């Protein structure tokens, strides 16, 4: 739709790193959660540190049935050469993340992920540091747009994914600064009668000055 929350992430076909043929998004992400992330330019320092980090974390995502898909306005030849730098910097011996090529900027213009300042050697614009968290139903669950100046928090990416997956199946919402294993919130619309069906463990109620009963925590 508008690539705002709840919209369907569109399918696309593109060239990608490590594969000789066409990369098709929907075939790659079928029955999986996916995180599509862009970066401004290959062979730049922040981009190298981010991709080296995500390459280390790859198994943490895959075990949660989540695919990682890279993306920049660079060529396939640039991606493959740059990968050797990412592997060297990150002490990686096996690169697995497909990095999509968008040399024409058609996808970057459609997704609305262009950077405010960043341009390549040819004077053409480049993408910012975007994130799209995509459900197995192709729905955009969460988005982030960081500028080229500001490297992302890779721990935050895994933390958001764990919250999205938990809240997808259970009637809970994760509080501020929540980490896996911490108590979460019972959704405010869940009535006291409905609690036992969904929760094995005891709910903790915190009394508020307003006397409303919404402040409820649960340890799953």
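Positions refer to the first chain, counted from 1.
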Worksheet item: Averaging C-alpha B-factors over each stretch, which comes out higher, 104 to 112 or 127 to 135?
Response: 104 to 112
Response to the item:
Averaging the C-alpha temperature factors as deposited, the higher value of 25 to 33 versus 157 to 165 falls on 25 to 33
Practice prompt. Identify, among 52, 184, 66, 69, the residue whose C-alpha carries the highest B-factor in the deposited PDB entry.
Written response: 184
Worksheet item: Among 41, 48, 170, 174, which residue carries the highest C-alpha B-factor recorded in the PDB entry?
Response: 170
Item to complete: Can you work out whether the C-alpha temperature factor of residue 93 puts it in the lowest, middle or highest third of the chain?
Response: middle
Discussion item. Split into thirds by Cα B-factor across the chain's modelled residues, where does residue 152 land: lowest, middle or highest?
Written reply: lowest
Response to the item:
Of the three thirds of the chain ranked by Cα temperature factor, residue 117 occupies the highest
